[PDB]
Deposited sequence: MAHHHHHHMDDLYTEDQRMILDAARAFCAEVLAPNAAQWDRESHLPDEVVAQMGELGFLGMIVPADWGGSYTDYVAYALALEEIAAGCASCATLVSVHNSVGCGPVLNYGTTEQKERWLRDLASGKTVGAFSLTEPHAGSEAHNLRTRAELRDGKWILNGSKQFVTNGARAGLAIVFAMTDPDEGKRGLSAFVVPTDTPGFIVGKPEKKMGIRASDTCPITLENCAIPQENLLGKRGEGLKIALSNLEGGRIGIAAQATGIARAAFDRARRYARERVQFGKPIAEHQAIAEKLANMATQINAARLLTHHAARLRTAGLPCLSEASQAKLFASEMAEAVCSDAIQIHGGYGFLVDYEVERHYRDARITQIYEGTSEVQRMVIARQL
């Protein structure tokens, strides 16, 4: 930990101890029951894990993005579903309100988002850019449409919902929708291969009317807003891939050392060497992008490179962790099978690998 700053090493310690004491012993159960207890979410709130990229005067704990990634790496090593909840809540639950909310808006919502009292959700994508619509009639914005894969959909108190307001690029607007609003209809959580305890829900909007002052930004600023947190999001998920890969690697190398022991059979040792090299490269790409972002510099390509690299790495590293365990690797009680299922999603959400490659290439 010698190369990190003092802020960064403090977050790392706090994160480490939380993860060892609360996440790691319970993640198997949470996966098996597809459910993360709310008191664990609340406790993440109290510790500042749900406002790590909100400034401290708005109720958060932001220091820099390297710290953020270190915390999300630790949290993902303990529980990949927690890391999903946290990466989404901080980046796209908190980000839009902080960056485009008026002062009154931030007073209404941001301190509760940043403290974790209110969990946040972001809803842009749709089953088939958009067909969800919002009409302004009699002082209320009225939303009708259908939305897909909303992380934190069941538990969020607020949702940033994107909707077509003016059908002729600047045709979308963003809304803060409290999730108890009549006509905000959240469906049953999707059944997923992995991150099973991170609730991922479809949402139907059926004349969901919200006050006019719940418009977020100016009318027509929807797309820009939806795109304002790609760097933070991708950095977050790259950090998550790194943590999940690292957890499986930690188990593999512990199993190799105990099962001479198999860690000095050439082939096993080569896998472990490869796994360590790849995990460390993923971390360094993640941190490099986080430094640029901390400094306010352009870093979409760098963040997309981290997310790309870390995500693909993680599936291969988790696959080696299984292989190193033999027959036991396929068994639930040995946990690496969980890490393998959890890892897979990182290549898909927050921009697919194909999208990550498009943007990196665009800028060469």
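- According to the record, the deposited residues with no C-alpha atom in the structure span 1 to 9, 138 to 143, 184 to 185, 277 to 280.
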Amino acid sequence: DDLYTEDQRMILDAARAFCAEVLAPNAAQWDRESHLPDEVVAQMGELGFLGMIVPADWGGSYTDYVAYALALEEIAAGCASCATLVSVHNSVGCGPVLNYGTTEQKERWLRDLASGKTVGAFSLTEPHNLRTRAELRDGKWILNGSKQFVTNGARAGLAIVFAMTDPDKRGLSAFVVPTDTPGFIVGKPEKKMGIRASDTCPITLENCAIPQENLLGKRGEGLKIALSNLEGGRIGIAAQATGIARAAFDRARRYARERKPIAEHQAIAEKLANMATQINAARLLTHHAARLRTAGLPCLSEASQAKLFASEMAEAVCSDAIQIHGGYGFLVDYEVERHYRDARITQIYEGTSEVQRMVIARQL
From here on, numbers count along this sequence of modelled residues.
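- Taking only CA atoms, the mean B-factor in the PDB entry is higher for 45 to 53 than for the other of 311 to 319 and 45 to 53.
- Of the two stretches examined, 131 to 139 and 267 to 275, the record assigns the greater average C-alpha temperature factor to 131 to 139.
- Of all the options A343, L12, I348, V355, the entry's greatest CA B-factor is assigned to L12.
- Of the candidates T151, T286, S87, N144, the deposited coordinates give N144 the top C-alpha B factor.
- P202 sits in the middle third of its chain by CA B factor, as recorded in the PDB entry.
- Ranked within its chain, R293 lands in the middle third, by CA B factor from the PDB record.
- Among the modelled residues of the chain, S115 sits in the middle third by CA temperature factor in this PDB entry.
- Ranked within its chain, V40 lands in the middle third, by CA B factor from the PDB record.
- The entry lists a Cα temperature factor for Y100 that places it in the highest third of the chain's modelled residues.
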